[PDB]
Amino acid sequence: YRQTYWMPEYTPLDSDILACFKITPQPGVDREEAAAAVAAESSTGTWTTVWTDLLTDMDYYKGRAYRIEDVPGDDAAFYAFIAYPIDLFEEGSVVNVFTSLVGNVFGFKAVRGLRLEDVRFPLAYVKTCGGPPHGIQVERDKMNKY
Amino acid sequence: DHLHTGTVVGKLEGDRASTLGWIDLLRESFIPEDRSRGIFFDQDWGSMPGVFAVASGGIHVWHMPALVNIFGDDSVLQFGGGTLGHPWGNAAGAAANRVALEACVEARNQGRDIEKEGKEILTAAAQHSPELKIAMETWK
Amino acid sequence: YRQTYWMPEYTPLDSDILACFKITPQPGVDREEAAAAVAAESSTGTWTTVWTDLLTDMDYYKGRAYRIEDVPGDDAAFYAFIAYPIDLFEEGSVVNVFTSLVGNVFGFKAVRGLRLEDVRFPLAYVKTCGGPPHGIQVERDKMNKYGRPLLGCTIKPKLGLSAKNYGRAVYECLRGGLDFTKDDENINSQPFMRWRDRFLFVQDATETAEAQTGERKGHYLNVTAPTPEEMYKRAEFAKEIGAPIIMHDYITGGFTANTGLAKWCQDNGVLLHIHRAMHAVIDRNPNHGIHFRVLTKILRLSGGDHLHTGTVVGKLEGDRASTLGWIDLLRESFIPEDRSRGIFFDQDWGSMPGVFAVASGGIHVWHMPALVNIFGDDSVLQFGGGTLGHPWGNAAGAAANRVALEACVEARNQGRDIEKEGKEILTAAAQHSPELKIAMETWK
Amino acid sequence: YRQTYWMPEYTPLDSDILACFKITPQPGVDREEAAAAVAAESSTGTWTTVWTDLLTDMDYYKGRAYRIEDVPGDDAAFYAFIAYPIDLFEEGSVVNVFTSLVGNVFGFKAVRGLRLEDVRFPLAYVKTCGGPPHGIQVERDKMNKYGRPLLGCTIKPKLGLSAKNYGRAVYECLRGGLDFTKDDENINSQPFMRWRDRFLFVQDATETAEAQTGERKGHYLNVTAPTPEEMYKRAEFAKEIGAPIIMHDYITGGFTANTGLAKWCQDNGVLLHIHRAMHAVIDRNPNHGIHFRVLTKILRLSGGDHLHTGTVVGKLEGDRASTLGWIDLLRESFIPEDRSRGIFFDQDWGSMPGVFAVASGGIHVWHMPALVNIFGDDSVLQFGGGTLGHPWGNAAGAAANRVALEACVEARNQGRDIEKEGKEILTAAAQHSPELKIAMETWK
Amino acid sequence: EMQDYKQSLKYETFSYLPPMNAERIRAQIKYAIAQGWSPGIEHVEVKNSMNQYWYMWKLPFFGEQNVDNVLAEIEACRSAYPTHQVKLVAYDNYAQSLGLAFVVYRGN
Amino acid sequence: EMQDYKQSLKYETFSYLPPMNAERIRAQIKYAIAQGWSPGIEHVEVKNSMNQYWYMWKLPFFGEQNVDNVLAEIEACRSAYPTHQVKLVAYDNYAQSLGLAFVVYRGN
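These lines cover the structure that appears in this document, whether it is placed above or below. (Residues numbered from 1 in each chain as written, not as in the entry; some residues may be left out. Chains lettered and ligands numbered in written order. Part of a larger assembly, values for the part shown. Heavy atoms only, no water. Residues with missing side-chain atoms left out of burial classes, pairs and counts.)

## What to know about empty space enclosed by the protein
Point 1. A volume near 150 Å³ is recorded for the largest cavity.
Point 2. In terms of lining, the largest cavity is formed by 15 residues, of which the most central are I251 and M278 of chain C together with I251, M278 and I282 of chain D.
Point 3. Looking at the lining of the largest cavity residue by residue, the classes come out as 13 nonpolar, 2 polar and no charged.
Point 4. Of the voids in this model, the second largest cavity is the one considered here, and its volume is about 50 Å³.
Point 5. Counting residues per element, the ones that place at least two in the lining of the second largest cavity are helix 10 (279-283) of chain C together with helix 10 (279-283) of chain D. (1 Å grid on protein atoms, 1.4 Å probe; cavity = no way out; pocket = protein on both sides within 12 Å on 5 of 7 lines; lining within 4 Å. Points joined across faces, edges and corners; volume = space filled by probe spheres on them. Nonpolar A, V, L, I, M, F, W, Y, C, P; charged D, E, K, R; others polar. Helix = DSSP H or I, 4+ residues; strand = E, 2+ residues; numbered from the N terminus.)

What follows is the structure, given as C-alpha cells:
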C-alpha cells in the first residue's frame, strides 16, 4: 500500500488539484499509510491490482500524498497533503470535484477522524467554472451603491 | 429504486441493529418503534413501494451466505473486487458469484442454516463450478 | 513609445499568451520600437495617453515585448516575442484571440512585412475551449479501425455530377477499399446537385458499400453553408440519415461557425472533417501573413477530427521540418520548442485529443511507403487522382491503394526500411494484386 | 493543358461570373498556361481526364480564361481574365463563390504570386443574395439624419474599462454631438467587462444622451461571438434592450456568420456596422492576396449597413484612385469599368441599397474639409483620438467635431472650395466655438 | 485485357493480403511486444464478426515476452472454437487504443 | 492451467446449477407452499422463452398443499408440450410479485 500511492519526492504541478486532510488516525497506524489511504480512496479506492488496472496508466491516474506535517498543539493528528491531476475531474464541476474528494474517505475505519482543511483550485480549472454571476463590483455598479 | 445501505457483515455482531433498522425503514411498509434497532418512532409508509437494498464494499464469495441470510431476496449485492479480481476474468468472476448466489438461495429454500453450513454449501456448489472453486481459492 | 510597452526584464507567466512575430521593418526604424508597436497595436492600439487610460490598470492590461532575436539567414528581419495576459481575451474564443492578435498590426506602415510565426496557448486557456469533438483515439474506437492509416478520396470532377452519379462514384470508391470518400470544398449545394439529394444518395452508397464489404464506411458530407442555420440544418439532416462524418471549411466558413459546428458535433456524436481552403492566401508569403502552424493550433482549439496538413513528400528533403513540426502540433499532447522545426514555444495541450492528419494532392501508390514512414498510423491518406485515374475503375484503384497500404504497414511492422525497399515491397504485393500492378504501371 | 481550359474566342455571358487574377508567374512558364491553370484549379482542379469526367458536360462545367493583358509598369506580371458559369455556385452563397475562387489557386507552385484583383457579380446572382439589411437611404430615414456625414467614435482604451466606465465614456461622447460611438473589434465579452453589462450600460448611456440632446443616438454593440448561438443571443438581447445598431467582424467572425447575422438584422430591423479586422493580412501584399475591392463586393453581397473603407486622406494624392473605386463599388448602383481606379469590370448592382462608408484612423478636425470633399454626405467619419484626446473631455471634442462638420457642410453647400479654404472656414467656425478652437490648437 | 474485380467479404487490417502463416504472425506479435503493447485474443461467429465486442479468449498477456506462447495461445483458441473467427489485438494503454488488430483465422 | 469459459444461453434463477430432479423440485414446491405462495406452471417455445408472458398451464394452485400433485401437474404439462420450456412460479399476492421462479425443463 505504501510505495504505490505516496511519493515524498513528487513536486506538484501548477495544474494539479491539491487537498489538505487533517487525519486523526487510530493509535499505532502509520502516518504515511493513512495519507496514502486517503489519497487512494479519494482517487482510485483500492490497492489490489486487477487485470483492468493494467489497461490504464496507473502512474498518472492516481492521487499521491507528497507531504506530511505535524498539527501544532495536537499530537494525535497530522496533516496529509495530496496532489490530484486536473484530468481526474469533469471540467467545471464542483459537484464532481467534491464527490471525488469526499465520497468515501470519511468512512475510513483506520482513522478516528478526517477533516478536509483546504483545497487548491488551479487557475486552469478555475477558468472553466462560471463563477459568481455578477460579482462585487458589477453588483455595486448595478445597484448604484458605493 | 436502489440505495446503498452497507454490507452489514462489515460490522461486528453486536453493532448490526441500527443497520437492520434502517434496512427495514427503507424496505418495509410499517416499522414499529424499536430502541434496540434505533427506530425511535412508529413509521407508517402506507402504499409507497420499497427500495432495493444495495450492499457494496469489500465483500466476496465467502460473505455471501451471511449476506443472503441477512438481506433476503429483496436486495442487490455488489461485487467490484470480488468480480474484477478473479484470475480468469470478469466473466468467470461473475459466473462464480452467480453460482454461489443460486446455491445459497436454494440452500435457504431447503431449510438449511446457510450461515452455519456456508463452507459446505459453497464447496458442494464448487464441485460443479471451477470458476467458483478458484474464486474461493483466491479469496480465502 | 519605447519604455512603455516593451520590457526586456519581464518574465512571462505560465498563463500568459505568447506570440512570435517576424517583423520585416522599414530600413532605419528601431527593432525595439517595432516590437513595441506590434505589442501595442495588438493589445491597446495607441500610445497617446487619454483621460480614460488613467481609469484602468495600464501596467496590467497591455501586451509587452520581452525578447528580440535575429532571424537566421535574413538580416532584414527580426523576431519579436510578445506576452499577453490571459485576461485580455474571452475565455474559449479562438475568434477573439485571433482578432486581438491580427486585427490591425498587419496594416502597420512602419514595417515592410509582418508574419505571425507561433502563438503559445497556455493550458489554462486550452482547458476552456471544447477542442476536437472526438479525437483520434475516440474516432478509431467508433470506426473500429486500428493499426494502419485511413484512406480517403476526393470525388472528381468538382462539377457536373448529379446526385446519383456522384453516389455511383462514391459507392465504387468505398467498395474498392477506401475507408472514406470526400466531398469537395466547392460542393455544398449547387443547382446541378442539391445538398439533400447529395446526402441521401451518398448515405445510400455508403450503406451499400459497408454491407458489401464488412468495414465501416463514411463520407465527409460538406455542411458549409451561407448561413449558420443552413449549416446546422444540413448537419442535422446528415445525423438523421446516419452519416458518421461531415466536412466544414473552417477558414472560408469562419471560425465562429466552425466552433459552433464542432460543439454541435461533440454534442451529437458526429465526426468532423476539416478542409483548409484559402489557407494559401494567408500562409504562403514568407514575409507577411499568419503561419499554418498557428492556423493548425487555432483549428484544433476550435474543434475538428481531421485536418489537411500537406503531403510532406511534396517538398524537398531539406524543407520538411516546419510541416513535421505543425504535424506534431496537431497530433501530440506536448511539443517541446524546436527552432529547426519552427516550434518557437513549448506547447502543452493537456488532455485535449489529437486530430487526424490528412495528406492530399498529387500522391499515388509510389509515394505511399514514404507517406507511411513519415505520417505513421495516425493519418488519413487521400487519393483523388490515384483512385479515379485507375484504368480499371474506382473500385480497382481503391483496392490497389488498400493493398499497397496493408503491404507497407506490414513491412514497417516487420522492421524493414520501407522507404529504402519501397519498390521491392510494392512489387511483392503486386505479385498477388493485378489491380495494384496495373496501378504502378499507370503511375510510374 | 492549354487548349482545354482557355478560349481566346469565348465571349462571356451576362450571367457569367468573371474574375481577374494578377499572375506573377515563375520565369519561363507560359502566360496562357498559367491563366488556364488558375481557371482549372479554381473550377475543376485537375487536367487528367478520369472516367467520371466523361459522365459530365465538360464543355460547360469549367472555368475558361478568355483574355490576357499586360500589367502596366510590371513586366513580371500579367492579368488573367476568367469566366465562370453561374451554375458552378450555390445561389446566394458568398461563402461558396469565395471558396470556389480562392480555395487552392493561391497555393499554385508554378506562379510566384497570385492576386485576385476584381470579380464581376452578374445581376442574376446579385438578385439572390439578401444584401445590406437596410441600406444608406433606409438607415437615414430611420435615424432622421440628412444632409451631412455621420459622426462616430471608437471608445478607448481597448482594455480596462468596466461596463459603467465604458458607458460613462460613451455617454459624454454621444451627448457631445457624435451620432454614434463604436465598440472595438476586440470587445465582445471579456472578464473585465461582460457583454450583457456592456449592452445594458451602453443602452442606458445612449438613451440618456438622446434624451438630453434631441437627436437619435446609437452604439455599434459588438456581437462577434465564439459561436453563432452566442452571436444570435447577443443580437437578440441588443434588440430587446432597444439598441438600434450592432457591429460584427465579418472576416474573423466568418462570411457564413456575417450572412446569417445580416439576414437576422434585415428580419428584425437592426442596423449592422461592419468592421474589417484582419483585412491587411489579405489585401496588403501587391503580388499575393485578394483585393479589398473584392472584399467590399463580398461584404455588400453578404449584408451590412456600414463598412470601413479607409480615410483616403491617409494616402498620397497619386494613390487615391483604388480607394475611390472601391468606395464607388460599395455605394453606387452601377460602376463602369475604370482601369485608373482599379475597376476591371462593369458592375451592375440593380436595386441593392448602398453601404455607408466609414473613415477611421488618425483623422481629426484638420483633415475634415478634405474628408467632406472626398466622401460626400453618405459617409461616417470616426474620431477616436480626435474626440478622446480633447483637453476639455469627450463631450467638448464631440462638440468640436460636430461644429466643424456642420461648418464644412454649409461651406460646401455655399459653393466654396472647402479644401482650398479649409483653414479659413474652420477659423470662422471657431470664432463661435471655443471647444473647436482649442481642438485645432491641440491638433495643429 | 482488363480484369473484373471479384467482390468478397473483407476483414479490416491485413485482410487484402494473403493469410498470414506462423512466421508472419510471430513477426506481428514481436512487433507488438517491442512497441510495449499487450497482446490479446478474441473470437466470434463469422456472421457476428462485425460486433464491436468479441468473445475474449482468456486475458490480455500483460508483460508477455514469449511470441511462441502468444502463438500457442492463438492455436489453443482456434482448437477450442474451430468455427469462430480469430483476431489478434495489441492494447496501447497510453493511447487507450489498439496499436495492432488483424484476424488470424477468417472463419468457416 | 487456465481454461476458457464456455458461453451458453442462461435461464434466470437456478440456471447456473445442474438441472433439478424430482427431489429438488419437490423441495422448491414445499418452500413455496410454506411461504404461503401459490404455485403456477407456464410453458413456451424455446425461441420465445424471453417473452414476459408464457402460455399458462391450467390455473394457479390456490391453497394447494400437495407437492406431489404440483409435481404431477408439471409432468403432465411436460407430456402435453414435450418441446416447450417449463417454468414453475409462486405467486405472492401481498407483494403482487413472484416469490420463486425457475425453469423445470429447458426445452428442445
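## Concerning the sheet that holds strand 7 (residues 218-222) of chain C
Within a sheet, adjacent strands bond to each other through the backbone by hydrogen bonds, running parallel or antiparallel.
Residues and elements named next belong to chain C.
Point 1. The sheet built from 8 strands is open, its strands ordered 5-15-14-11-9-8-7-6 with parallel pairing. The sheet is open, and its two borders are formed by strand 5 (150-152) and strand 6 (180-182), each paired with just one other strand. On average, adjacent strands in this sheet sit at an angle of 25 degrees to one another, irrespective of strand direction.
Point 2. The sheet contact formed by strand 5 and strand 15 (residues 379-382) spans 3 bridges and is parallel. Considered in strand 15, the bridge of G152 is made with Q382. (Pairing = 2+ DSSP bridges. Axes fitted to C-alpha atoms, helices over the stretch in contact; angles between N-to-C directions.)

## What about the relation of the copies chain C and chain D?
Point 1. Rotating chain C by 180 degrees and moving it 0.0 Å along the rotation axis overlays it on chain D with an RMSD of 0.0 Å. Accordingly, the operation relating the two chain copies is best matched by a two-fold axis. For chain C, the minimum C-alpha distance to the rotation axis belongs to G254 of chain C and amounts to 1.7 Å.
Point 2. Most of the interface of chain C is mirrored in chain D, where 99% of its interface residues are also at the interface. (Least-squares fit on C-alpha atoms. Contact = heavy atoms within 4.5 Å.)

## Here's the deal with helix 15 (residues 394-413) of chain D
Residue and element names in this part refer to chain D.
Point 1. When the terminal C-alpha atoms of helix 15 are compared, their 28 Å separation across 20 residues agrees well with the 28 Å that a helix rising 1.5 Å per residue should span.
Point 2. Where burial is concerned, most of helix 15 is hidden: 14 out of the 20 residues are buried.
Point 3. Downstream of helix 15 by a residue or two, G415 has a phi angle that is positive, lying close to 95 degrees. (Expected span 1.5 Å × (residues − 1). Buried < 20%, exposed > 50% of the residue type's maximum accessible area, 1.4 Å probe, protein only.)

## Topic: the packing of aromatic side chains
Point 1. Per the counting criterion, the structure on display carries 46 aromatic pairs over all chains.
Point 2. Plain terms: the ring middles of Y61 of chain C and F192 of chain D are 5.5 Å apart, the flat faces sit at 65 degrees to each other, and that makes the pair edge-to-face. Taken together, the residues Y61 of chain C in the loop between helix 2 (31-43) and strand 2 (64-71) and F192 of chain D in the loop between strand 6 (180-182) and helix 7 (195-213) connect one chain to another. Of the two residues, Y61 of chain C and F192 of chain D, neither departs from the other in class, the shared state being buried.
Point 3. When the centroid spacing of 5.7 Å and the interplanar angle of 55 degrees are considered together, the rings of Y250 of chain D and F255 of chain D count as tilted. Residues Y250 of chain D and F255 of chain D agree in their burial class; the two are buried. (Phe/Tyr/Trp six-rings, centres within 6.5 Å; stacked < 30°, edge-to-face > 60°.)

## Here we look at the interface of chain C and chain D
Point 1. On the chain D side, the residues contacting the 77 residues of chain C number 77 residues.
Point 2. At the boundary of chain C with chain D, total buried surface from both sides reaches about 6800 Å², with 57% on carbon and sulfur atoms.
Point 3. Three residues, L159, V281 and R284 of chain C, lead the burial of chain C against chain D; their summed loss comes to 10% of the area buried on that side.
Point 4. At the surface where chain C touches chain D, the tally comes to 5 salt bridges.
Point 5. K263 of chain C is paired through a salt bridge with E229 of chain D; the nearest N and O atoms lie 3.7 Å apart.
Point 6. Here chain C and chain D share 33 residue pairs in polar contact between them.
Point 7. The set of elements that each furnish at least two residues to the side of chain C that touches chain D consists of helix 3 (94-102), strand 4 (111-120), helix 8 (228-241), helix 9 (255-268) and helix 10 of chain C.
Point 8. Across the side of chain C that touches chain D, the residue classes tally to 28 nonpolar, 33 polar and 16 charged. (Buried area = accessible area lost by both parts, 1.4 Å probe. Salt bridge = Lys/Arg side-chain N within 4 Å of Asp/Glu carboxyl O. Polar contact = N/O pair within 3.5 Å; in protein donor to acceptor, adjacent residues only side chain to side chain.)

## Observations regarding the packing of helix 4 (residues 90-109) of chain B against helix 5 (residues 118-126) of chain B
Residues and elements named next belong to chain B.
Point 1. Look at helix 4 against helix 5: their axes get within 10 Å of each other, and the N-to-C directions meet at 125 degrees. Overall, the two elements helix 4 and helix 5 adopt an arrangement that is oblique. Seen along the crossing, helix 4 lies across helix 5 with a hand that is right-handed. Contact residues: helix 4 offers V99, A100, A103, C104 and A107, while helix 5 offers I121, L122 and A125.
Point 2. Split by residue class, the contact of helix 4 with helix 5 holds 8 nonpolar, no polar and no charged. (Parallel < 35°, antiparallel > 145°, perpendicular 65-115°, else oblique. Left-handed = near helix turned anticlockwise from the far one by under 90°.)

## Brief notes about the interface of chain D and chain A
Point 1. Every contact between the two is made by 5 residues of chain D and, on the other side, 5 residues of chain A.
Point 2. With both chains or domains summed, chain D and chain A bury close to 450 Å², and 45% of this area falls on carbon and sulfur atoms.
Point 3. The interface formed by chain D and chain A includes 1 residue pair in polar contact.
Point 4. Of all the elements, helix 7 of chain D adds the most residues to the side of chain D that touches chain A, at 3 residues.
Point 5. Here the residues of the side of chain D that touches chain A are counted per class, giving 2 nonpolar, 1 polar and 2 charged.

## A short note on the pattern of salt bridges
Residue and element names in this part refer to chain C.
Point 1. A complete count under the given rule lists 77 salt bridges over all chains for this structure.
Point 2. For the salt bridge of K158 with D184, the shortest nitrogen-to-oxygen distance reads 3.3 Å. Taken together, the positions of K158 in the loop between strand 5 and helix 6 (163-176) and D184 in the loop between strand 6 and helix 7 (195-213) put the pair 26 residues apart, joining distant regions of the chain. Neither residue differs from the other here; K158 and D184 are each classed as buried.
Point 3. Between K217 and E215 there is a salt bridge, and its shortest N-O distance comes to 3.7 Å. Across the pair, exposure class does not vary: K217 and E215 are buried alike.

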